[PDB]
Amino acid sequence: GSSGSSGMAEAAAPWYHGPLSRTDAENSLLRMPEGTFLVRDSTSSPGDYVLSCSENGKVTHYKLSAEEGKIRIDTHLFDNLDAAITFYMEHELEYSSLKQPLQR
């Protein structure tokens, strides 16, 4: 058909970047304004995730650990990743709230 794969792609969330490293997350978010965020596979723990954020003139990283198939981050427990992202849109994370997904 077309180019064709633009249909879909496939519908991981706009903020999800897969097996991205820290250095690449940091070189993207240091170039973006504050409150730009992404989620990636965890560089220390297969099946955990990591939220990375542009905050306070730097880049930050927070673990989204798997707990009975739900998502643990700091002390908080959410049903899934999009609920954890939505919570840090309504509330501040550490230095600011989430504002926009990193482009791809």
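As stated in the entry header, the method of structure determination is solution NMR.

The title given to this entry in the Protein Data Bank is "Solution NMR structure of Monosiga brevicollis CRK/CRKL homolog (crka1) SH2 domain".

Trainee: Give me the pattern of salt bridges: which residues, what numbers.
Mentor: According to the stated counting rule, one finds five salt bridges in the structure shown. Its salt-bridge partner being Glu 26, residue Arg 22 comes within 2.7 Å of it at the nearest N-O pair. Here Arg 22 pairs with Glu 26, and both are found in helix α1 (residues 22–29), just four residues apart, close to one helical turn. On the accessibility criterion, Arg 22 (46% relative accessible area) is partly exposed. On the basis of relative accessible area, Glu 26 is assigned to the partly exposed category, the value being 25%. With its nearest N and O atoms 3.9 Å apart, the salt bridge here joins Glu 34 to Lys 99. Here the residue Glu 34 occupies a position in the loop between α1 and β1 (36–41), and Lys 99 occupies one in the loop between α2 (81–90) and β6 (100–101), the gap between them amounting to 65 residues.

Trainee: Give me the pairing of strand β2 (residues 49–55): which residues, what numbers.
Mentor: Burial runs high along β2: six of the seven residues are buried. Here β2 runs beside strand β3 (residues 58–67); their pairing, made up of seven bridges, is antiparallel. If you follow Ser 52 over to β3, its bridge partner there is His 61. Hairpin remark: β2 followed by β3, antiparallel, with two residues in the connecting loop; positive phi at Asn 56, about 50°.

Trainee: Please give an account of the nonpolar core that cites residues and values.
Mentor: Among the nonpolar cores identified, the biggest contains 16 residues, and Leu 51 and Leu 64 are the most heavily contacted of them. Only β1, β2, β3, β4 (70–73) and α2 provide two or more residues apiece to this core. Considering every element that reaches this core, the biggest residue donor is α2, with four residues. Counting six residues, the second-largest nonpolar core is a separate cluster that includes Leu 20, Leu 29, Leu 38 and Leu 102.

Trainee: Can you tell me about the sheet that holds β6, naming the residues and giving the values?
Mentor: Strand order in the open sheet formed by six strands is β5-β4-β3-β2-β1-β6, with mixed pairing between adjacent strands. The outermost strands of the open sheet, each flanked by one partner alone, are β5 (76–78) and β6. As judged from the two bridges shared by β1 and β6, these two strands associate in the parallel manner. In the sheet register, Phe 37 faces β6, and the bridge partner there is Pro 101. Along the sheet, α2 makes contact with β1, β2, β3, β4 and β5, crossing β5 at roughly 130°.

Definitions and limits used
- Residues numbered from 1 in each chain as written, not as in the entry; some residues may be left out.
- Heavy atoms only, no water.
- Salt bridge = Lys/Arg side-chain N within 4 Å of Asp/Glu carboxyl O.
- Helix = DSSP H or I, 4+ residues; strand = E, 2+ residues; numbered from the N terminus.
- Buried < 20%, exposed > 50% of the residue type's maximum accessible area, 1.4 Å probe, protein only.
- Pairing = 2+ DSSP bridges.
- Core = buried A, V, L, I, M, F, W, Y, C linked by side-chain atoms within 4.5 Å.
- Contact = heavy atoms within 4.5 Å.
- Axes fitted to C-alpha atoms, helices over the stretch in contact; angles between N-to-C directions.

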